[PDB]
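Shown next, in structure tokens, is the structure this report addresses.
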Amino acid sequence: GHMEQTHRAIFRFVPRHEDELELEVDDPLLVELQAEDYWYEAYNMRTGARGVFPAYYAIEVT
Amino acid sequence: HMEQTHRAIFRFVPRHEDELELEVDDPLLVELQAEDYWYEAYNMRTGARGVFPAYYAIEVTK
């Protein structure tokens, strides 16, 4: 499927919680949902995993 | 020396019970800089304790 990258990780995020998505710096992300509590629900296009992470760990591609 | 070590730079709304809520500019006393890039802190504004993603705070050169 076409997966349009929306965001890029800028900080390493190591989950402590089951629902979280692990991030490495520069990971390309497809952010599915920017939730009102400043968590993003995303697909990590490097790892193929899905989960949530703190919004400010990723920035928009454009 | 119950003195400020960090300042929050991003809003963090917990999804998980161990987490510390942050508002931008919150002064923090970070007790543990964990190896997994989570910090355990006292929020010197709210009086709450908990963990947050390390890059949501900056050191204060105090």
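FYI, side chains are in, hydrogens and waters are out, and symmetry mates aren't considered; it's all heavy atoms of this structure. Proteins get letters first, then strands, A, B, ... in listed order; numbering begins at 1 in each.
Under the 4.5 Å side-chain heavy-atom criterion for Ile, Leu, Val, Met, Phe, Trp and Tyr, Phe10(B) and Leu21(A) are members of the same hydrophobic cluster. Under a hydrophobic-cluster definition in which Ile, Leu, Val, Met, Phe, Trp and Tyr are linked whenever side-chain heavy atoms come within less than 4.5 Å, directly or via other members, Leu23(A) and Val25(A) are assigned to different clusters. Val52(A) and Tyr43(A) sit in two unconnected hydrophobic clusters of ILVMFWY residues. Membership requires side-chain heavy atoms under 4.5 Å apart, directly or through other members. Residue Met45(A) is not grouped with residue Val31(A) when hydrophobic side chains (ILVMFWY) are merged at heavy-atom distances under 4.5 angstrom, including chains of intermediate members. Hydrophobic clustering (ILVMFWY, side-chain heavy atoms < 4.5 Å, transitive): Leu29(A) and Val61(A) are in distinct clusters.
Contact between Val14(A) and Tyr37(B) at its shortest, heavy atoms only, is CG2-CD1, 3.9 Å. Minimum interatomic distance between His16(B) and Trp39(A) (heavy atoms only, all atoms of both residues): CE1-CH2, 3.5 Å.
A salt bridge does not link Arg15(B) with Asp19(A): every distance from a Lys NZ or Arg NE/NH1/NH2 to an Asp or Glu carboxylate oxygen is 4.0 Å or more.
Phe12(B) touches chain A through its side chain: at least one heavy atom from C-beta onward sits under 4.5 Å away, while N, CA, C and O do not.
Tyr57(A) has its ring centre less than 6.0 Å from the ring centre of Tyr56(B).
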